[PDB]
Amino acid sequence: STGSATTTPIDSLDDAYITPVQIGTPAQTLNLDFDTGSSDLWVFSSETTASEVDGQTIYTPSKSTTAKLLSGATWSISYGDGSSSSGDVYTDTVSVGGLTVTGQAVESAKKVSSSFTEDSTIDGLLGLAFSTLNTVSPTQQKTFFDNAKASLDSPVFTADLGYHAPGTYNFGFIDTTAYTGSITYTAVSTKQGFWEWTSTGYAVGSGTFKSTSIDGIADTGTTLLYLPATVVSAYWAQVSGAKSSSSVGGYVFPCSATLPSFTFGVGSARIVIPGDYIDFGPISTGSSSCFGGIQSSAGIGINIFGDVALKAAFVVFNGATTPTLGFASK
């Protein structure tokens with residue numbers, strides 16, 4: 001089997017992407033944030049504290065003939081941005097782009113933090129990291145991908161995120177029309193539960209390539225590109241007037257600037273992030289100070305190849321016995 005679903009930016013900045021997901025019988029379609037940096041499929045629901053729902057579409061298990069309470073199971077998760085959610089668990093039928101999993105753990109939110117409430121366009125998350133990170137207790141549950149894997153034509157999914165435009169998540173096949181050149185595959189460590197890999201280096205604009213190992217995670221659930229402070233400093237030094245602002249919480253730059261591209265290495269291959277991808281606009285409405293899309297990972301504890309990086313590529317998440325990551329230009 002295979003699946004193929006369109007993923008759409010939630011706003012004009014590509015802050016995140018939502019993908020429609022069918023849950024239950026009859027189908028209830030929710031727009032979820034596919035997140036290769038976590039491993040819980042959780043949704044706004046009929047159980048979510050009413051004051052914490054503001055425009056989201058909710059899952060109502062009582063209206064699904066295939067929903068079953070997973071008795072005793074609870075979940076609780078906190079993300080790198082400080083947001084969180086928690087609740088109980090149902091199993092139900094879940095379909096993504098024509099691909100169907102029966103008995104999928106659907107984690108029903110009783111509580112969500114303000115960040116989730118304030119984002120009316122995101123009805124929940126669908127985790128695509130390794131199942132070892134799943135927070136369901138006392139019985140850890142599998143991701144949608146893990147559950148689907150054996151049924152897939154090939155044990156892979158691919159992320160093809162658009163710049164200011166829709167893109168695609170495919171499951172079970174590699175669309176050879178969706179990228180240019182060849183796919184370069186690179187080793188993955190699952191030791192922390194992430195799609196963790198080592199970039200071979202970087203370049204700033206038309207500058208010379210610096211060979212240096214950068215350990216990081218491929219994370220579709222993170223907006224920006226977070227890299228070591230040395231790297232990020234070298235990038236923003238090429239932008240006149242750019243500076244790190246503790247009051248804003250990162251590098252800002254004059255909105256009148258032209259941003260240089262940023263290149264990262266995948267083995268001997270190179271992925272180029274156009275400068276426009278690194279522009280996240282005025283820090284506040286009407287400001288002439290603009291927020292940068294490349295930020296320091298210092299104090300995160302890990303480097304994150306988030307959407308800014310990943311949307312410049314066609315990315316293969318290979319869940320074979322020995323997982324790997326593939327990157328192609330597009």
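Counting starts from 1 on each chain and goes along its sequence as written, which need not follow the entry numbering; residues with no coordinates are hidden. Side-chain numbers come from the whole structure's heavy atoms, not from hydrogens or water. Residues with missing side-chain atoms are left out of burial classes, side-chain pairs and their counts.

Header annotation of the entry names X-ray crystallography as the structure determination method and lists the resolution as 1.7090 Å.

UniProt positions are given in the numbering used here, feature names are shortened, and annotations may be inferred rather than shown by experiment. Those places that UniProt annotates as "active site" correspond, in this numbering, to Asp35 and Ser199. Think of it this way: any DSSP run of H or I at least four residues long counts as a helix, any run of E at least two long counts as a strand, and we number them from the N terminus. As for its position among the elements, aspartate 35 is in strand β3 (residues 28–35). Polar contacts, as used here, are pairs of N or O atoms within 3.5 Å; protein pairs need one atom able to donate a hydrogen and one able to accept it. Residues neighboring in sequence count only if both atoms are side-chain atoms. Here the side chain of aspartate 35 touches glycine 37 through a polar contact of 2.9 Å, landing on its backbone nitrogen. Counting through the fold element by element, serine 199 comes out in strand β12 (residues 196–204). A residue is classified by how much of its surface remains accessible, and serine 199, at 1% relative accessible area, is buried. Beyond its immediate stretch of four places on either side in the chain, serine 199 contacts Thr212, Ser213, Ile214, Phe264, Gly265 and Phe305. Reaching out from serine 199, the side chain makes a polar contact with the backbone oxygen of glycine 201 at a distance of 3.4 Å. For the exposure calls, accessible area comes from a 1.4 Å probe over protein chains only, and a residue counts as buried if that area is under 20% of its type's maximum, exposed if over 50%, partly exposed in between. Only heavy atoms matter for contacts: two residues are in contact if any of them lie within 4.5 Å across the pair.

Before going further, it helps to spend a moment on the packing of aromatic side chains. Here is the rule: rings of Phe, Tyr and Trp (six-membered ring for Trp) pair when centre to centre is within 6.5 Å. Planes less than 30 degrees apart are stacked, more than 60 are edge-to-face, and the remainder are tilted. Counted by the stated rule, this structure contains 25 aromatic pairs. Here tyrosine 179 and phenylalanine 314 contribute two aromatic rings whose centre-to-centre distance is 5.0 Å and whose plane-to-plane angle is 35°, an arrangement assigned as tilted. Of the two residues, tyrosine 179 sits in the loop between β10 (167–171) and β11 (184–187) while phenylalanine 314 sits in strand β23 (residues 314–318), which places them 135 residues apart along the sequence. For the pair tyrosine 179 and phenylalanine 314, a shared accessibility class is recorded, and that class is buried. An aromatic cluster is present here, built from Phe34, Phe130, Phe144, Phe145, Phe157, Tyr169, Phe171, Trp195 and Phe317 joined pairwise through their rings. A cation over an aromatic ring shows up here: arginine 270 above the ring of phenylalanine 209, its NZ or CZ 3.7 Å from the ring centre. Over a ring means this: the NZ of a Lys or the CZ of an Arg is within 6 Å of the ring centre and within 35 degrees of the ring normal. For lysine 311, the ring lying beneath its charged end belongs to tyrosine 277, and the centroid distance is 5.7 Å.

A word on the pattern of salt bridges. Here a salt bridge means any side-chain nitrogen of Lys or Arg lying within 4 Å of a carboxyl oxygen belonging to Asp or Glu. Applying the stated criterion across every chain, the model contains two salt bridges. Between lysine 330 and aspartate 160 there is a salt bridge, and its shortest N-O distance comes to 2.8 Å. In this pair, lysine 330 sits in the segment after β24 (324–328) while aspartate 160 sits in strand β9 (residues 156–160), placing the two residues 170 residues apart along the sequence.

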